[PDB]
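Shown here: work_32.txt, compact mmCIF, C-alpha atoms and all ligand atoms.
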# COMPACT_ATOMS: atom_id res chain seq x y z
CA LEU A 14 76.87 124.03 113.20
CA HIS A 15 77.61 122.58 109.76
CA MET A 16 81.33 123.30 109.48
CA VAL A 17 83.53 123.52 106.41
CA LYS A 18 87.18 124.34 107.02
CA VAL A 19 88.83 126.15 104.11
CA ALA A 20 92.46 127.18 103.67
CA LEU A 21 93.40 130.21 101.59
CA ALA A 22 96.66 129.54 99.79
CA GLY A 23 98.53 131.85 97.46
CA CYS A 24 101.68 133.74 96.55
CA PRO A 25 102.40 137.00 98.34
CA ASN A 26 100.48 140.04 97.05
CA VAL A 27 97.81 138.19 95.07
CA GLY A 28 94.76 139.49 96.94
CA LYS A 29 94.42 136.94 99.76
CA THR A 30 93.88 139.43 102.57
CA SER A 31 91.30 141.31 100.52
CA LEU A 32 89.35 138.14 99.63
CA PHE A 33 89.60 136.98 103.25
CA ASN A 34 88.18 140.33 104.41
CA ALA A 35 85.44 140.35 101.77
CA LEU A 36 84.28 136.89 102.90
CA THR A 37 84.61 137.23 106.69
CA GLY A 38 84.11 140.93 107.38
CA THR A 39 84.78 141.68 111.04
CA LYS A 40 84.48 138.01 112.06
CA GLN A 41 88.20 137.26 112.22
CA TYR A 42 90.96 136.94 114.77
CA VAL A 43 94.70 136.41 115.04
CA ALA A 44 96.93 134.11 117.06
CA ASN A 45 100.17 132.25 116.43
CA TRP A 46 100.92 129.06 114.55
CA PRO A 47 101.87 126.30 117.03
CA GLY A 48 105.40 126.56 118.41
CA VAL A 49 106.27 129.72 116.49
CA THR A 50 105.59 133.44 116.79
CA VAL A 51 104.31 133.63 113.21
CA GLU A 52 100.78 135.05 113.13
CA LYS A 53 97.82 132.82 112.21
CA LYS A 54 94.68 134.51 110.89
CA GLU A 55 91.26 132.84 110.98
CA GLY A 56 87.73 133.97 110.20
CA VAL A 57 84.19 132.69 109.82
CA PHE A 58 81.11 133.32 107.69
CA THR A 59 77.77 131.58 107.21
CA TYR A 60 76.26 130.53 103.90
CA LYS A 61 73.10 128.53 103.25
CA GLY A 62 73.16 127.00 106.72
CA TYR A 63 76.86 126.13 106.56
CA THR A 64 79.54 127.69 108.72
CA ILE A 65 82.76 128.29 106.81
CA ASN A 66 85.96 128.56 108.83
CA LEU A 67 88.56 130.37 106.75
CA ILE A 68 92.26 130.15 107.52
CA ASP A 69 94.72 132.39 105.67
CA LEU A 70 98.06 130.69 105.02
CA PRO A 71 101.32 132.64 104.78
CA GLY A 72 102.01 133.82 101.22
CA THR A 73 104.20 131.27 99.45
CA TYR A 74 105.83 131.43 96.00
CA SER A 75 106.26 127.65 96.10
CA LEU A 76 105.92 124.86 98.65
CA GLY A 77 109.46 123.84 99.54
CA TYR A 78 110.74 123.43 103.08
CA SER A 79 113.58 125.92 103.55
CA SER A 80 111.72 128.84 105.11
CA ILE A 81 109.33 128.99 108.05
CA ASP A 82 106.52 130.44 105.90
CA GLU A 83 106.65 127.55 103.43
CA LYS A 84 106.93 125.09 106.32
CA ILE A 85 103.81 126.49 107.98
CA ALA A 86 101.77 126.60 104.77
CA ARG A 87 102.82 123.17 103.51
CA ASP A 88 102.52 121.47 106.89
CA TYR A 89 98.96 122.75 107.13
CA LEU A 90 98.08 121.71 103.60
CA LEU A 91 99.55 118.24 104.08
CA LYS A 92 98.82 117.52 107.74
CA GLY A 93 96.05 119.96 108.68
CA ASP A 94 92.27 119.80 108.90
CA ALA A 95 91.10 121.74 105.84
CA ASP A 96 88.20 120.18 103.93
CA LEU A 97 89.26 122.13 100.85
CA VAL A 98 91.70 124.76 99.63
CA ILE A 99 91.07 127.98 97.76
CA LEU A 100 94.09 128.92 95.69
CA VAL A 101 93.92 132.69 95.33
CA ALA A 102 95.44 133.71 92.02
CA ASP A 103 96.21 137.20 90.74
CA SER A 104 94.25 137.32 87.47
CA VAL A 105 96.50 140.07 86.13
CA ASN A 106 99.70 138.23 86.99
CA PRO A 107 98.73 134.54 86.88
CA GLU A 108 101.96 132.62 86.15
CA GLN A 109 103.43 132.12 89.63
CA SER A 110 99.96 131.49 91.11
CA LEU A 111 99.37 128.71 88.58
CA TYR A 112 102.77 127.19 89.36
CA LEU A 113 101.87 127.09 93.05
CA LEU A 114 98.49 125.65 92.11
CA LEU A 115 100.11 122.71 90.30
CA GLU A 116 102.13 121.88 93.41
CA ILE A 117 98.97 121.75 95.50
CA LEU A 118 96.98 119.77 92.93
CA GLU A 119 99.61 117.01 93.10
CA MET A 120 98.83 116.69 96.83
CA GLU A 121 95.38 115.41 95.85
CA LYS A 122 93.39 117.89 97.91
CA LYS A 123 90.13 119.53 96.90
CA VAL A 124 91.03 122.88 95.38
CA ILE A 125 88.99 125.73 93.97
CA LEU A 126 90.81 128.32 91.87
CA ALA A 127 89.75 131.87 92.69
CA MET A 128 90.98 134.22 89.98
CA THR A 129 90.78 137.45 91.92
CA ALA A 130 91.16 141.13 90.98
CA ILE A 131 89.07 140.26 87.94
CA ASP A 132 87.92 143.90 87.88
CA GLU A 133 91.51 145.00 87.33
CA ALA A 134 92.10 142.30 84.72
CA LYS A 135 89.11 143.51 82.67
CA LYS A 136 90.50 147.04 82.47
CA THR A 137 93.66 145.78 80.78
CA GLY A 138 91.39 144.42 78.07
CA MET A 139 92.79 140.92 78.53
CA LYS A 140 90.49 137.96 77.88
CA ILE A 141 90.38 135.09 80.37
CA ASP A 142 88.56 131.91 79.38
CA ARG A 143 87.19 130.22 82.50
CA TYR A 144 86.27 127.10 80.52
CA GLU A 145 89.87 126.64 79.35
CA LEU A 146 91.13 127.02 82.91
CA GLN A 147 88.69 124.38 84.17
CA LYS A 148 89.61 122.08 81.29
CA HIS A 149 93.37 122.33 81.81
CA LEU A 150 93.34 122.33 85.61
CA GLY A 151 90.44 119.98 86.33
CA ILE A 152 89.02 122.05 89.19
CA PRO A 153 86.25 124.62 89.73
CA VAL A 154 87.28 128.15 88.77
CA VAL A 155 85.60 131.34 89.96
CA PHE A 156 86.40 134.90 88.88
CA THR A 157 86.29 137.16 91.94
CA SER A 158 86.73 140.80 92.85
CA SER A 159 87.13 142.10 96.39
CA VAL A 160 86.37 145.59 95.05
CA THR A 161 83.08 145.00 93.21
CA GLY A 162 81.98 141.79 94.89
CA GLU A 163 81.94 139.89 91.60
CA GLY A 164 82.04 136.14 92.12
CA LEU A 165 81.96 136.20 95.92
CA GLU A 166 78.60 134.44 96.20
CA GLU A 167 79.51 132.03 93.39
CA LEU A 168 82.65 131.18 95.36
CA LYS A 169 80.63 130.49 98.51
CA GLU A 170 78.30 128.26 96.51
CA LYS A 171 81.23 126.31 95.06
CA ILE A 172 82.83 125.95 98.50
CA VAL A 173 79.75 124.24 99.93
CA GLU A 174 79.01 122.27 96.75
CA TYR A 175 82.56 120.94 96.50
CA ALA A 176 82.90 120.20 100.22
CA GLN A 177 79.92 117.85 99.97
CA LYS A 178 81.54 115.81 97.19
CA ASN A 179 82.92 112.42 98.22
CA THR A 180 86.12 112.76 96.19
CA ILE A 181 88.25 115.37 94.44
CA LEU A 182 87.11 116.39 90.97
CA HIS A 183 90.64 116.91 89.73
CA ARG A 184 93.53 114.49 89.37
CA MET A 185 96.62 116.33 88.15
CA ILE A 186 98.90 113.88 86.38
CA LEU A 187 101.69 115.84 84.74
CA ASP A 188 103.90 113.70 82.48
CA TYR A 189 107.49 114.29 83.59
CA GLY A 190 109.03 112.09 80.90
CA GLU A 191 110.10 108.45 80.73
CA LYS A 192 113.09 108.67 83.05
CA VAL A 193 111.34 110.54 85.86
CA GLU A 194 108.11 108.55 85.54
CA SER A 195 110.16 105.33 85.77
CA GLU A 196 111.77 106.40 89.03
CA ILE A 197 108.38 107.50 90.39
CA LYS A 198 106.90 104.08 89.69
CA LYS A 199 109.88 102.41 91.38
CA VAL A 200 109.50 104.61 94.46
CA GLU A 201 105.74 104.02 94.65
CA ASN A 202 106.32 100.27 94.42
CA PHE A 203 108.97 100.45 97.13
CA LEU A 204 106.54 102.22 99.47
CA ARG A 205 103.40 100.29 98.50
CA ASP A 206 103.23 98.69 101.96
CA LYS A 207 104.04 101.86 103.90
CA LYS A 208 101.18 103.74 105.52
CA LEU A 209 101.85 107.15 103.98
CA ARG A 210 99.68 110.13 104.95
CA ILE A 211 100.06 111.53 101.43
CA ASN A 212 99.79 109.97 97.97
CA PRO A 213 102.95 108.10 96.86
CA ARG A 214 103.33 110.10 93.63
CA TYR A 215 103.70 113.40 95.48
CA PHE A 216 105.99 111.70 98.01
CA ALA A 217 108.18 110.32 95.23
CA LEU A 218 108.42 113.70 93.49
CA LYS A 219 109.62 115.47 96.64
CA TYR A 220 112.04 112.67 97.60
CA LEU A 221 113.61 112.59 94.13
CA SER A 222 113.89 116.41 94.23
CA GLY A 223 115.84 116.33 97.49
CA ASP A 224 113.15 118.10 99.52
CA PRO A 225 114.50 118.60 103.06
CA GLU A 226 111.48 116.83 104.59
CA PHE A 227 110.57 114.19 102.01
CA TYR A 228 114.10 113.18 100.97
CA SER A 229 115.05 112.67 104.62
CA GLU A 230 111.85 110.74 105.34
CA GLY A 231 112.29 108.66 102.18
CA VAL A 232 115.74 107.55 103.32
CA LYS A 233 114.43 106.75 106.81
CA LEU A 234 111.80 104.54 105.15
CA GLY A 235 114.59 102.66 103.39
CA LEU A 236 114.95 104.48 100.06
CA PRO A 237 118.55 104.93 98.86
CA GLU A 238 120.45 108.17 99.29
CA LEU A 239 120.68 110.24 96.11
CA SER A 240 123.65 112.29 94.93
CA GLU A 241 123.28 116.06 95.06
CA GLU A 242 123.49 116.07 91.27
CA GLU A 243 120.56 113.69 90.88
CA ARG A 244 118.47 115.61 93.41
CA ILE A 245 119.14 118.92 91.68
CA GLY A 246 118.54 117.31 88.28
CA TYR A 247 115.15 115.89 89.23
CA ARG A 248 114.13 119.11 90.98
CA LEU A 249 114.98 121.01 87.79
CA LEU A 250 113.19 118.61 85.43
CA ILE A 251 110.07 118.72 87.59
CA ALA A 252 110.01 122.51 87.93
CA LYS A 253 110.70 122.96 84.22
CA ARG A 254 107.79 120.66 83.29
CA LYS A 255 105.48 122.53 85.67
CA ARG A 256 106.54 125.87 84.18
CA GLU A 257 105.96 124.69 80.63
CA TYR A 258 102.48 123.47 81.57
CA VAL A 259 101.69 126.83 83.14
CA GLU A 260 102.92 128.58 79.99
CA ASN A 261 100.63 126.38 77.90
CA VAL A 262 97.60 127.00 80.14
CA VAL A 263 98.27 130.73 79.83
CA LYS A 264 98.52 130.52 76.03
CA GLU A 265 95.24 128.59 75.85
CA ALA A 266 93.20 130.47 78.46
CA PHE A 267 94.51 134.03 78.15
CA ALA A 268 94.43 136.46 75.22
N1 LIG B 1 91.32 146.00 91.85
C1 LIG B 1 91.45 145.01 92.77
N2 LIG B 1 92.53 145.06 93.58
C2 LIG B 1 92.72 144.10 94.50
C3 LIG B 1 91.77 143.00 94.65
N3 LIG B 1 92.22 142.21 95.64
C4 LIG B 1 93.37 142.76 96.09
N4 LIG B 1 93.65 143.89 95.42
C5 LIG B 1 94.82 144.76 95.59
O1 LIG B 1 95.95 143.92 95.48
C6 LIG B 1 96.97 144.38 96.39
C7 LIG B 1 97.33 143.24 97.31
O2 LIG B 1 96.13 142.77 97.93
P1 LIG B 1 96.15 141.94 99.30
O3 LIG B 1 94.73 141.52 99.55
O4 LIG B 1 96.74 142.75 100.45
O5 LIG B 1 97.08 140.72 98.90
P2 LIG B 1 97.86 139.62 99.81
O6 LIG B 1 99.29 140.10 99.96
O7 LIG B 1 97.81 138.39 98.95
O8 LIG B 1 97.16 139.41 101.13
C8 LIG B 1 96.37 145.53 97.16
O9 LIG B 1 96.77 146.73 96.49
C9 LIG B 1 94.88 145.34 96.99
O10 LIG B 1 94.15 146.56 97.06
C10 LIG B 1 90.62 143.01 93.74
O11 LIG B 1 89.78 142.09 93.81
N5 LIG B 1 90.54 144.02 92.86
MG MG B 2 100.50 141.24 101.19
MG MG B 3 97.66 142.64 91.78
I'd like the structure from this file rewritten - as structure tokens, please.
Amino acid sequence: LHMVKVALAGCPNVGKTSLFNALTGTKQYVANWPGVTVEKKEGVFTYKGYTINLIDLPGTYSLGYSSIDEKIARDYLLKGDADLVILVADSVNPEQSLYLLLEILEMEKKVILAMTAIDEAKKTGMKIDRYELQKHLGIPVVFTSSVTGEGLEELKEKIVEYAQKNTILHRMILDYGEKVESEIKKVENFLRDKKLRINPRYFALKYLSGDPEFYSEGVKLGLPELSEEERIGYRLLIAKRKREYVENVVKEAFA
């Protein structure tokens, strides 16, 4: 078989289960994530000679490391075997989905944005510009509906097209300001010789923000301890910048 492994990421209640079901039908099964009792759901479908293995991640509002659901989702995204990620966004209620998307884009993984429930969005009379989304996010964007079937085949096409690509299309460089960017550069330089399994920019962001995993690992690697005030301060600056970018994307792409 010609296998493509795809993770479905998204906030709770965005339409992940429905999209999963629409794509896999009855070809799905459940188990547990390793070492925990938390359920893992996987499914399969075939498209143009390819076999797509879909894995639904726990719903996550953000990708921190202070709850088992975020630990499972983020561990998989960072350390798992997905060839690409579909970020399932609620088209009617996009803001938190887009925030989560930015976090994942900084991991430098292949991501397709699936704006689902597009049939519901239409009814509200809202106008969503797919071109503006692709421009501001730098990734493929597909409008989908699990009710009407809109976009489902286009999504399958983009999955297989994107999986074949040698690199990621996107490259999400959000300017966090002089002071944060300076510390990022210093951290990257400090770790230049380390064999990190994730890009140094993302690592630096999480370390500076006092992430339970990355801050601890950073210190083990020789980075200095940071005061609680600095960790909170960086975490806040970074989140605030992400939120303002989301707000701008929404202003530009939604009407
Ligand atoms: N109209 C419409 N409703 C949807 C669509 N996808 C999901 N929903 C509804 O959104 C709600 C949450 O969907 P679900 O798939 O369970 O979301 P999950 O919590 O992310 O797995 C349910 O009421 C679904 O019926 C869609 O494409 N169109
Ligand atoms: Mg749900
Ligand atoms: Mg909804």
**Report entry** Surrounding residues as a count of residues only, ligand LIG 1 (chain B), max 8 Å, all atoms listed in the file
**Finding:** 24
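If you look at CA of residue 71 in chain A and CA of residue 143 in chain A, they are 26.5 Å away from each other.
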**Report entry** Nearest-residue call for ligand MG 2 (chain B), choices A:196, A:191, A:103, A:142, using all atoms listed in the file
**Finding:** A:103
**Report entry** Residue nearest ligand MG 2 (chain B) - candidates A:79, A:109, A:39, A:73, atoms counted: all atoms listed in the file
**Finding:** A:73
Query raised in the report: Taking into account only C-alpha atoms, which residue in the set A:16, A:267, A:78, A:56 is nearest to residue 135 in chain A?
Result: A:267
Would you mind completing range 84-107 of chain A so that it carries N, CA, C and O atoms, and writing it out as a PDB file, in the coordinates of the input?
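Wrote it out as result-v3.pdb, contents follow:
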ATOM      1  N   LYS A  84     107.131 126.203 105.408  1.00  0.00           N
ATOM      2  CA  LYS A  84     106.930 125.090 106.320  1.00  0.00           C
ATOM      3  C   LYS A  84     105.533 125.151 106.928  1.00  0.00           C
ATOM      4  O   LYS A  84     104.822 124.148 106.959  1.00  0.00           O
ATOM      5  N   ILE A  85     105.135 126.331 107.396  1.00  0.00           N
ATOM      6  CA  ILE A  85     103.810 126.490 107.980  1.00  0.00           C
ATOM      7  C   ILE A  85     102.702 126.197 106.970  1.00  0.00           C
ATOM      8  O   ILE A  85     101.785 125.416 107.250  1.00  0.00           O
ATOM      9  N   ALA A  86     102.779 126.823 105.800  1.00  0.00           N
ATOM     10  CA  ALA A  86     101.770 126.600 104.770  1.00  0.00           C
ATOM     11  C   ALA A  86     101.693 125.134 104.342  1.00  0.00           C
ATOM     12  O   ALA A  86     100.607 124.549 104.287  1.00  0.00           O
ATOM     13  N   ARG A  87     102.839 124.535 104.038  1.00  0.00           N
ATOM     14  CA  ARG A  87     102.820 123.170 103.510  1.00  0.00           C
ATOM     15  C   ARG A  87     102.430 122.155 104.583  1.00  0.00           C
ATOM     16  O   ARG A  87     101.692 121.205 104.308  1.00  0.00           O
ATOM     17  N   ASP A  88     102.933 122.340 105.798  1.00  0.00           N
ATOM     18  CA  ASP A  88     102.520 121.470 106.890  1.00  0.00           C
ATOM     19  C   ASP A  88     101.006 121.487 107.021  1.00  0.00           C
ATOM     20  O   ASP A  88     100.384 120.440 107.179  1.00  0.00           O
ATOM     21  N   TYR A  89     100.406 122.675 106.968  1.00  0.00           N
ATOM     22  CA  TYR A  89      98.960 122.750 107.130  1.00  0.00           C
ATOM     23  C   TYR A  89      98.253 122.047 105.985  1.00  0.00           C
ATOM     24  O   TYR A  89      97.311 121.270 106.201  1.00  0.00           O
ATOM     25  N   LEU A  90      98.711 122.304 104.764  1.00  0.00           N
ATOM     26  CA  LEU A  90      98.080 121.710 103.600  1.00  0.00           C
ATOM     27  C   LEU A  90      98.171 120.189 103.631  1.00  0.00           C
ATOM     28  O   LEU A  90      97.234 119.497 103.244  1.00  0.00           O
ATOM     29  N   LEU A  91      99.300 119.674 104.109  1.00  0.00           N
ATOM     30  CA  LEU A  91      99.550 118.240 104.080  1.00  0.00           C
ATOM     31  C   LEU A  91      99.056 117.500 105.324  1.00  0.00           C
ATOM     32  O   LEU A  91      98.669 116.333 105.243  1.00  0.00           O
ATOM     33  N   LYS A  92      99.064 118.179 106.465  1.00  0.00           N
ATOM     34  CA  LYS A  92      98.820 117.520 107.740  1.00  0.00           C
ATOM     35  C   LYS A  92      97.688 118.154 108.549  1.00  0.00           C
ATOM     36  O   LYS A  92      97.386 117.708 109.658  1.00  0.00           O
ATOM     37  N   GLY A  93      97.074 119.192 107.989  1.00  0.00           N
ATOM     38  CA  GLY A  93      96.050 119.960 108.680  1.00  0.00           C
ATOM     39  C   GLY A  93      94.636 119.451 108.463  1.00  0.00           C
ATOM     40  O   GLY A  93      94.426 118.361 107.926  1.00  0.00           O
ATOM     41  N   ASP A  94      93.659 120.250 108.881  1.00  0.00           N
ATOM     42  CA  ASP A  94      92.270 119.800 108.900  1.00  0.00           C
ATOM     43  C   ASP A  94      91.357 120.503 107.895  1.00  0.00           C
ATOM     44  O   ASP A  94      90.138 120.503 108.059  1.00  0.00           O
ATOM     45  N   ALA A  95      91.931 121.084 106.848  1.00  0.00           N
ATOM     46  CA  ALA A  95      91.100 121.740 105.840  1.00  0.00           C
ATOM     47  C   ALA A  95      90.313 120.710 105.033  1.00  0.00           C
ATOM     48  O   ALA A  95      90.843 119.671 104.643  1.00  0.00           O
ATOM     49  N   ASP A  96      89.042 121.008 104.795  1.00  0.00           N
ATOM     50  CA  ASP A  96      88.200 120.180 103.930  1.00  0.00           C
ATOM     51  C   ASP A  96      88.480 120.492 102.465  1.00  0.00           C
ATOM     52  O   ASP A  96      88.322 119.632 101.592  1.00  0.00           O
ATOM     53  N   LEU A  97      88.889 121.728 102.201  1.00  0.00           N
ATOM     54  CA  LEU A  97      89.260 122.130 100.850  1.00  0.00           C
ATOM     55  C   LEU A  97      90.154 123.370 100.890  1.00  0.00           C
ATOM     56  O   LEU A  97      90.287 124.040 101.926  1.00  0.00           O
ATOM     57  N   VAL A  98      90.781 123.651  99.758  1.00  0.00           N
ATOM     58  CA  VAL A  98      91.700 124.760  99.630  1.00  0.00           C
ATOM     59  C   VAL A  98      91.228 125.698  98.534  1.00  0.00           C
ATOM     60  O   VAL A  98      90.825 125.251  97.462  1.00  0.00           O
ATOM     61  N   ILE A  99      91.263 126.996  98.806  1.00  0.00           N
ATOM     62  CA  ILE A  99      91.070 127.980  97.760  1.00  0.00           C
ATOM     63  C   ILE A  99      92.440 128.526  97.420  1.00  0.00           C
ATOM     64  O   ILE A  99      93.120 129.084  98.285  1.00  0.00           O
ATOM     65  N   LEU A 100      92.859 128.325  96.175  1.00  0.00           N
ATOM     66  CA  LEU A 100      94.090 128.920  95.690  1.00  0.00           C
ATOM     67  C   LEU A 100      93.730 130.284  95.122  1.00  0.00           C
ATOM     68  O   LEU A 100      92.969 130.388  94.161  1.00  0.00           O
ATOM     69  N   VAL A 101      94.229 131.337  95.764  1.00  0.00           N
ATOM     70  CA  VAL A 101      93.920 132.690  95.330  1.00  0.00           C
ATOM     71  C   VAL A 101      94.967 133.109  94.322  1.00  0.00           C
ATOM     72  O   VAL A 101      96.151 133.190  94.642  1.00  0.00           O
ATOM     73  N   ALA A 102      94.529 133.359  93.092  1.00  0.00           N
ATOM     74  CA  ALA A 102      95.440 133.710  92.020  1.00  0.00           C
ATOM     75  C   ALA A 102      95.229 135.160  91.608  1.00  0.00           C
ATOM     76  O   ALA A 102      94.098 135.636  91.592  1.00  0.00           O
ATOM     77  N   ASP A 103      96.314 135.859  91.283  1.00  0.00           N
ATOM     78  CA  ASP A 103      96.210 137.200  90.740  1.00  0.00           C
ATOM     79  C   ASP A 103      95.887 137.077  89.252  1.00  0.00           C
ATOM     80  O   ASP A 103      96.723 136.632  88.476  1.00  0.00           O
ATOM     81  N   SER A 104      94.677 137.455  88.858  1.00  0.00           N
ATOM     82  CA  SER A 104      94.250 137.320  87.470  1.00  0.00           C
ATOM     83  C   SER A 104      95.117 138.109  86.498  1.00  0.00           C
ATOM     84  O   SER A 104      95.243 137.749  85.329  1.00  0.00           O
ATOM     85  N   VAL A 105      95.709 139.196  86.984  1.00  0.00           N
ATOM     86  CA  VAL A 105      96.500 140.070  86.130  1.00  0.00           C
ATOM     87  C   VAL A 105      97.908 139.520  85.949  1.00  0.00           C
ATOM     88  O   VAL A 105      98.565 139.755  84.939  1.00  0.00           O
ATOM     89  N   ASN A 106      98.342 138.765  86.951  1.00  0.00           N
ATOM     90  CA  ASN A 106      99.700 138.230  86.990  1.00  0.00           C
ATOM     91  C   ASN A 106      99.642 136.767  87.412  1.00  0.00           C
ATOM     92  O   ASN A 106     100.068 136.393  88.497  1.00  0.00           O
ATOM     93  N   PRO A 107      99.098 135.919  86.527  1.00  0.00           N
ATOM     94  CA  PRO A 107      98.730 134.540  86.880  1.00  0.00           C
ATOM     95  C   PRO A 107      99.852 133.499  86.980  1.00  0.00           C
ATOM     96  O   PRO A 107      99.644 132.493  87.651  1.00  0.00           O
TER      97      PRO A 107
END
